[PDB]
Protein chains: 4
Amino acid sequence: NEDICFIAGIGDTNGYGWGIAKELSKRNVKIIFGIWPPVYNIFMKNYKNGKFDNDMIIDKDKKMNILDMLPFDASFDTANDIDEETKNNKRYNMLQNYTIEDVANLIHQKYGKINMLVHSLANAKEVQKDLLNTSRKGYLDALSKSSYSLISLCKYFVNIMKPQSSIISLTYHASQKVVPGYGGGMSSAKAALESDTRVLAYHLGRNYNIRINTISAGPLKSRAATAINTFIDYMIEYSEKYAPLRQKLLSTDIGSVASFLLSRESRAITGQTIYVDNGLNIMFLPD
Amino acid sequence: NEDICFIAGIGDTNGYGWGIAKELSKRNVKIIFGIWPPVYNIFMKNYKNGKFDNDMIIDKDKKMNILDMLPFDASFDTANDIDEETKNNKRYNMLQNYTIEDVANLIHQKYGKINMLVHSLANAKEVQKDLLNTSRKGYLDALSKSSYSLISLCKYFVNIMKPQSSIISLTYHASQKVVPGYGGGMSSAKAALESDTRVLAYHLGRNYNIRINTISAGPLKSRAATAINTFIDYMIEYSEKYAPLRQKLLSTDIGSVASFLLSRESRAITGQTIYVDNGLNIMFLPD
Amino acid sequence: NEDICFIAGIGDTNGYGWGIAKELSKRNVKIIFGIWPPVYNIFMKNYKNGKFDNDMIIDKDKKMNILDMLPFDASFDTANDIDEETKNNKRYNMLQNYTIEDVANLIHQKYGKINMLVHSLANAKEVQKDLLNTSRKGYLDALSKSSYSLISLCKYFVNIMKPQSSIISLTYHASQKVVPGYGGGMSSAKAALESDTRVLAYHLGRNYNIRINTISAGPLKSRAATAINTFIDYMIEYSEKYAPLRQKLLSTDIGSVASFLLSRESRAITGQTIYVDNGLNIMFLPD
Amino acid sequence: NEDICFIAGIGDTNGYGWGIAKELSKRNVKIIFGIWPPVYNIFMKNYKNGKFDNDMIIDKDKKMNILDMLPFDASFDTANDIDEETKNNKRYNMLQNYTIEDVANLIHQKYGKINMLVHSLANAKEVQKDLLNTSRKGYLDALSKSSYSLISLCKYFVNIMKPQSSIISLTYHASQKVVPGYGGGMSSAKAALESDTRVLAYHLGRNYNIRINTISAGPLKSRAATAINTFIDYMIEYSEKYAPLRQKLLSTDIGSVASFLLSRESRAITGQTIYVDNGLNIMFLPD
Ligand SMILES: NC(=O)c1ccc[n+]([C@@H]2O[C@H](COP(=O)([O-])OP(=O)(O)OC[C@H]3O[C@@H](n4cnc5c(N)ncnc54)[C@H](O)[C@@H]3O)[C@@H](O)[C@H]2O)c1
Ligand SMILES: NC(=O)c1ccc[n+]([C@@H]2O[C@H](COP(=O)([O-])OP(=O)(O)OC[C@H]3O[C@@H](n4cnc5c(N)ncnc54)[C@H](O)[C@@H]3O)[C@@H](O)[C@H]2O)c1
Ligand SMILES: NC(=O)c1ccc[n+]([C@@H]2O[C@H](COP(=O)([O-])OP(=O)(O)OC[C@H]3O[C@@H](n4cnc5c(N)ncnc54)[C@H](O)[C@@H]3O)[C@@H](O)[C@H]2O)c1
Ligand SMILES: NC(=O)c1ccc[n+]([C@@H]2O[C@H](COP(=O)([O-])OP(=O)(O)OC[C@H]3O[C@@H](n4cnc5c(N)ncnc54)[C@H](O)[C@@H]3O)[C@@H](O)[C@H]2O)c1
Ligand SMILES: Oc1cc(Cl)ccc1Oc1ccc(Cl)cc1Cl
Ligand SMILES: Oc1cc(Cl)ccc1Oc1ccc(Cl)cc1Cl
Ligand SMILES: Oc1cc(Cl)ccc1Oc1ccc(Cl)cc1Cl
Ligand SMILES: Oc1cc(Cl)ccc1Oc1ccc(Cl)cc1Cl
């Protein structure tokens, strides 16, 4: 009965955010996209010109249903946080209500309360450097955008969410085991995020009866995966060769798990890291 | 084609087996019950007598569709393995073809290939003794009926299963953290079950493209729970007071997760221990 | 043969840093203290006036041996990071060579290379708030001082350390399980630190043949423990009542583990979180 | 008083038992060997013949001081438990008092109370079969000789131990992550051992103030390793290539950790699985 989900983190149809949007669409959930300003206009132009029409197809006689597309920057908690330089940057100057709090309000004003929230974003200026070579600023940058954004998303979205709502984010196993190449303190950020998921599950469960979990996804060749210098090709080849299930991992494989976790079906699951990675995580060595 | 699930471990309607059966029925999965011989004839009597009618109600829609109900003993792998005493037993004498292999063959003969397997059983003759006071015979019994039974189930059932099939079992957090009353080597059995789940995931995944996972449930006042040392009333009271989600854990809460994990929706998840306990496992201590 | 250890984080003799210093002293390791400027002068004055003389006693006819006491701020990586305001702050104006890099150099110039390094510090402006109420600045503050400080300590100290050197830090179980009261993103910081310990173990082991581990200590009534608002009294009472070993946890209990980990005895252990907490961590519920 | 350690699981000098014996000897611990009857007389022959002389050398200082060497079978708890076949066996007929209880009594009769206990043994009749092809008899054998043996050891040995005593066993990471050749239910046995370590820690800690821990060792080319499926040459080659610390793992590396955990130095550590594998366990995949 009128399910509304806000997917924070979508710049195209090659990431998990898209896969999550498709699977939720299949379940008749109304989709609102939160889009980072640097790519917002290139996203809208593409969409308008029907460049994603093929990607919105679900099976046959069923195509995706996007309720809304909003500019969104998870760096900024409230309008008062936006530094003057960003406020007048070429790509930010034409946009408004793009902070975490302002999007929360905008959504509420326009559609009332929502019941599903997705954290599908991450960033680190120095992802290309290893932990040892990461500067304090670069490290704090990764934690701020990749980790804290989650806590902020919750602080502000819980006011516009109904009890028994569900919140998921996306993580990676480099938090628990060493993955060379996953630098800039991204591993640090994922560890924090998985730990924050537990602490948040406590507060949100007790105070609001809201669930929060995180999906630790396997490798997908998304735009950001390529920014890591290649790393992602190796990860994919390795996973397809050594995982219990040797099959290509699709963004919709994650989508359908996200979808389950966001629905009332998973009402007794909260605070968990759920692995959606073809079982790779359970392996010790290659064979 | 429809789906067929064999559920091994149903003795009444107050356990997880029944709850898993209910949820799969919502999805129109044809259900087959594996019933432990000692309680087979009383179960049949209660069923005939319409004592479960109410518990088989799904909603205005339809009622639980039970394909078949057969006697099943996880203590014996093949007909050869049954001893004199059991063969000579009041309850078993009147029944036949209840060993793991016999049941595989019988299901297959009658209904063909299945695609969903549920291990929802456990036993430990010395459950009421703490680990230090448990005998070798007692300890190996717990592992035999609660642990190996899973490996046996797989070995024999895989020949009668389709590719892309799915298997689940039930575990408890006592495997990972000390739970004082959970004796007799049940903690040990659960630890081995959770690890066996991984190894099996590797084997079944690579060789047959079949998934296996385990659900770590919170407390439910079932026939078996009632036997421990009351242990279960305490566990339930503690969970409902300190879990992130303060709400009654129902057998159907686990059922709906079991249903997801047994469907194609979770095609990318294998070898995992999913926690369905209202988030109790994430807590360090009472708050 | 001339063992030199730099303990970063010591404001008095009530914290772990002191306990680690005593146990290392007992092994004839030369001790250098790194002291945060806000408490440096009050520390020296106390020491000079023999206020710690009782605390330096080890058994009989054996008293602690402190090679040096240096002002140290783990907020600043190099002299170029120190903001002008701090540089002229009442407590910082009379001190110099107190950044991570400058202490590394100072130590090297004065004593040559060292072989043991201890990270025994932590801080968070908003420790009193829960994760949900923690601001972005407060969260980043905790990660910067509590987590990154470790990575920085390593980046700069590896140049002044011999191969087969050992590095330990101190962590807390709130990283893995929820501990209400452990706020400000300290839990976040500890999770990062435990994950960073693994990544660092990889780089330091391969490139320098240096080990790094972390001790997850139980509750101790240190100065900082009291800053958490009481929380620590509850933690201590709980631990003394429910831990496998019901005995008072002493700073020297941690000291002797640190000491082992820093010695060549632990040459095959790296990247690990070692629990020194009277076994509390292994418990699920109170009894 | 001096310390006495019983080491159960010595068959030659190429295993972990011997390495643990060497390191404890450095500390002047009096060593008692528990030797599996099938290899008792060849061990005695080799010893008399001075085949171990070289391996008993500690340094210019002193040589390994072995208090006693007795026949020990972890397959039998008491004299009553030995069957006809074993009683009738070539190797056993000439020996006596080799059951777990008999050995406890005999040590106690001869030397009094001990204070250090080492479980360094394992067995699995079907180790060369993968888990899916392992029989019930095979699986329960692995658990019986490799798992329960620990619980038995404790039950019987605690009466002959001082308060504040310490116990260790050896495990392998195959319990937590899939290691393809580690069959026969050895992975299962190790999983149960690691969990049993926690439960035992609770019981022994509260009731007797006794600690128990387990060491998860990396690969060592021992008699038993040589039997697996060569599995062990691969494990060793992989470990030496990908572990954080690229150096040969020696039995004495584990020995020195065992020695620490068995001393008062580790009074605050219990119920733990300590990893001594050069940090191999922290790696996700080869780099
Ligand atoms: N792709 C993988 O292999 C993989 C594996 C594990 C986890 N993940 C996780 O999945 C999530 C999505 O990553 P992806 O792989 O889909 O890449 P992606 O190309 O989808 O990028 C994520 C999106 O987040 C947006 N974003 C970046 N900074 C933002 C900010 N400050 N505010 C708002 N939005 C911002 C980007 O525009 C981008 O569109 C990430 O959290 C990532 O850590 C990905
Ligand atoms: N009830 C809980 O609180 C709880 C919490 C976590 C996990 N679990 C797990 O869920 C599973 C189901 O148990 P439950 O809690 O529903 O209680 P239950 O008694 O309803 O289920 C146990 C069933 O196993 C059957 N069984 C016993 N020995 C058998 C044998 N040798 N061969 C075949 N069947 C045998 C019994 O007939 C019984 O019906 C168990 O594996 C249990 O470990 C239960
Ligand atoms: N005390 C406990 O109960 C407990 C439990 C688990 C872990 N720990 C960990 O042990 C470590 C030591 O804490 P403690 O309990 O001994 O408290 P403590 O009173 O010893 O405080 C730690 C020291 O670090 C110093 N410090 C703070 N900020 C610094 C900076 N920017 N640069 C340099 N030094 C700085 C402080 O002056 C203080 O003396 C911490 O990392 C803590 O997280 C403590
Ligand atoms: N070797 C490795 O690579 C490795 C890695 C991790 C852990 N471990 C563990 O270390 C321990 C010691 O084994 P190892 O590697 O030194 O090889 P090992 O052969 O030297 O030690 C095993 C010993 O156990 C004894 N034993 C076998 N069955 C017995 C029974 N029923 N009763 C009493 N004793 C019995 C054997 O006589 C043998 O001497 C084992 O528990 C093993 O699981 C070994
Ligand atoms: O978490 C990820 C894991 C993988 Cl294998 C690939 C991509 C991932 O996602 C990111 C990684 C680094 C940065 Cl800076 C940003 C993002 Cl979105
Ligand atoms: O695992 C369980 C956990 C809980 Cl809290 C309650 C019941 C459980 O299930 C069992 C426990 C012991 C035995 Cl002998 C048999 C079963 Cl079916
Ligand atoms: O980690 C700790 C755990 C406990 Cl139980 C007590 C004190 C601890 O140490 C700290 C906690 C918070 C801050 Cl802001 C600084 C420090 Cl040194
Ligand atoms: O646990 C082990 C792990 C490794 Cl890598 C090598 C040897 C090991 O030890 C054993 C393995 C199997 C059996 Cl049947 C008996 C033992 Cl003593």
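Sequence lines set the chain letters: A, B, ... in the order given, protein chains first and strands last, and positions in each chain run from 1.
- Most heavy-atom pairs under 4.5 Å with chain C, from the set A:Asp130, A:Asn133, A:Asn207: that is A:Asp130.
- A 4.5 Å side-chain heavy-atom check between A:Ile168 and A:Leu262 finds at least one atom pair inside the cut-off.
- For A:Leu150, no part lies under 4.5 angstrom from a heavy atom of chain C.
- Note: C:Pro180 leads C:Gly271, C:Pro180, C:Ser152 in heavy-atom pairs under 4.5 Å with chain A.
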Determine, step by step, whether A:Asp196 and C:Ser188 satisfy the side chain to side chain donor-acceptor pair (under 3.5 Å) criterion, reporting the C-alpha distance in whole Å, the side-chain angles of both residues, the deciding distance to 0.1 Å, and the verdict. CA-CA 6 Å; A:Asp196 292 347; C:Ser188 322; 2.6 Å; yes
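- Of the atoms belonging to C:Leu153, not a single heavy atom falls under 4.5 Å from chain A.
- For C:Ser266 (side chain) and C:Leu261 (main-chain N/O), a donor-acceptor pair under 3.5 Å exists by modelled atom type.
- If you measure heavy-atom distances from A:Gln176 to chain C, the contacts under 4.5 Å come from both the backbone and the side chain.
- C:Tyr148 places a side-chain N or O within donor-acceptor distance of the main-chain N or O of A:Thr134, the cut-off being under 3.5 Å.
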Should A:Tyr92 and A:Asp73 be marked as a side chain to side chain donor-acceptor pair (under 3.5 Å) after you check the CA-CA gap, both sets of side-chain angles, and the distance that decides it? CA-CA 10 Å; A:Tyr92 287 72; A:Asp73 194 334; 2.7 Å; yes
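- The aromatic ring centres of C:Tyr98 and C:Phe72 sit 6.0 Å or more apart.
- With a 4.5 angstrom heavy-atom cutoff, A:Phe76 touches chain C only via backbone atoms.
- For A:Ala189, no part lies near chain C; criterion is any non-hydrogen pair under 4.5 Å.
- Ranked by heavy-atom pairs shorter than 4.5 Å toward chain C, the options A:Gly185, A:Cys154, A:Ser175 are led by A:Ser175.
- For the pair A:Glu84 and A:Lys87, the salt-bridge criterion is not met [side-chain N within less than 4.0 Å of a carboxylate O].
- Counting heavy-atom pairs under 4.5 Å between each of A:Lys155, A:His203, A:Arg198 and chain C puts A:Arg198 at the top.
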